[PDB]
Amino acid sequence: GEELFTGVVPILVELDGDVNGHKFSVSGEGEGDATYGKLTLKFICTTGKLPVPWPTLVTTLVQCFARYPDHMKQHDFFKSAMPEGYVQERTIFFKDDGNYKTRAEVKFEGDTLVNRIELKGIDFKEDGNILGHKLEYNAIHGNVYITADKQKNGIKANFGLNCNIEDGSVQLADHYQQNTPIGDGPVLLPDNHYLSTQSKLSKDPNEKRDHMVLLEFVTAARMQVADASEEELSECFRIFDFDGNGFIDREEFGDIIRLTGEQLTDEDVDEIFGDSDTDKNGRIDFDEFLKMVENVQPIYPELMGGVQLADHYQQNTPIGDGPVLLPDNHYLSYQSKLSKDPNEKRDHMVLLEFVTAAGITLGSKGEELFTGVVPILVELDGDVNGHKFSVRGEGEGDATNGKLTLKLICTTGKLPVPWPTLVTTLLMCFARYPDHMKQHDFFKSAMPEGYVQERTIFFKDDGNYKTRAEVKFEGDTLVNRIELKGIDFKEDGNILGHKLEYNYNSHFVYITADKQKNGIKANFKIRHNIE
């Protein structure tokens, strides 16, 4: 292997595509600067209008221009295969839509680096997010997780790539990648690492054709525990250890490891657990966790990278004196979707929550009010660092499917904090408890007359929220009335400086009884993505 990438290199890109019978060609040109991990490319659809969104093609349309730091040069397969080049193949699975299969040759032709690609797409929905042009033209980013494939003399890569849908929600594209060298000469076969990639999409004002301008940065990295503080490694362990007992069990690992990506089978999970549990005692201690972080490269970058932790401490008490169910220990699995009503002019959040109860092995009263689609009202008054605001919401809850849908409006103008920081504050009564767990649903048992739900939320390296809510029925409407006080926030921090992404991760909320207050309590870590 040799470095023809020491300076600036001219790039050509040619793609021929067919997605659901819709043919198209793309031609691009630009420059690559590997020493700074930089590309600049202008891409043109030569066949008129592109039948798919430009952001779906970014990854298909030259990773040999990655910046490999000096301590990682021995892991750069891409450059080592030059000038003869490599074959890059992918299958890209769009969530709830079709897939692309791609085959590219990336090689030198003279002193120009050329990417020649054929792409075939199938099973797309003609008015899906892809063929219906429903994605935003923003920016994409992600980590490309590389492992050696010694059998083919090359590498594999996987990564989930997110792209914003026009309604503010997120489209997932699951990438499976292979690279093999075109020639016979030696190549570097790397230890597990990843490419940290940020893509900037824009337009030329002077270009009439359907096109994309791309500025892109690609940097090689490898997670090492030596490069994180005790604090950070402890935080990361605690994401896994969500029952707070100091050790990671199999159920926990299964739950949390699947938040690092969508591409692990039940067997892959069993394997990682077995490999990490080096003393075979059925649990991952902290020393074992530290090895597991280096061996399974996605863990720290996906759970902790670019994340703002919010530590929640919660307590729920019945308003009534009627008897309630106090549960054995268990947890709630939360998935959340954030979107925008395109006809609401005020600052607002549409929130969809999926919530199921789990974590009791296998071996009513105010249930009934939830049989039952139930209308919800939400009222919050807030004060964060002296900044007052009110939120008013309405929607529906469906406990039989663990589903709720809410539209929330800031009635005082512009919300002085990001909507995602209020998601947890703005209805655990709409969780679906399995039939073997119905005796553990405190939340429904307190209805009709309801419960108080208090929290303290600690934003790491920033201020905290304190909340008090009453959740009760008034007639046939379920009402959540909340006061929120926030203090000690930094005016240029991630909260008051609005540097949190408009999306939401999945979480497991461990619930325990609090018999002395005749209720339940819970503490859990929320993970807000930064930017």
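Start at 1 and count along the sequence shown; that's the residue number.
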Seminar exercise, completed: Missing residues of the deposited chain between residue 374 and residue 375 number none
For this session: For the stretch from residue 363 to residue 364, please bin the deposited residues that the model skips: none, 1 to 3, 4 to 9, or 10 or more.
Result: 10 or more
For this session: Would you mind comparing 88-96 and 204-212 for me and telling me which has the higher average C-alpha temperature factor in the entry?
Result: 204-212
Exercise. Comparing 379-387 with 229-237, which stretch shows the greater average C-alpha B-factor in the deposited entry?
Worked result: 229-237
Exercise. Of the choices 440, 141, 340, 392, which one's C-alpha carries the largest B-factor in the record?
Worked result: 440
Problem set entry | Among 308, 421, 278, 177 - the residue whose C-alpha B-factor is largest in the record | 278
For this session: Quick one: classify residue 509 as lowest, middle or highest third of the chain based on its Cα B-factor.
Result: lowest
Exercise. By the record's CA B-factor, is residue 169 among the lowest, middle or highest third of residues in the chain?
Worked result: lowest
Seminar exercise, completed: Split the chain's modelled residues into thirds by Cα B-factor; residue 132 lands in the middle
Problem set entry | residue 63 by Cα B-factor - lowest, middle or highest third of the modelled chain | middle
For this session: Classify residue 472 as lowest, middle or highest third according to the C-alpha B-factor given in the PDB entry, relative to its own chain.
Result: highest
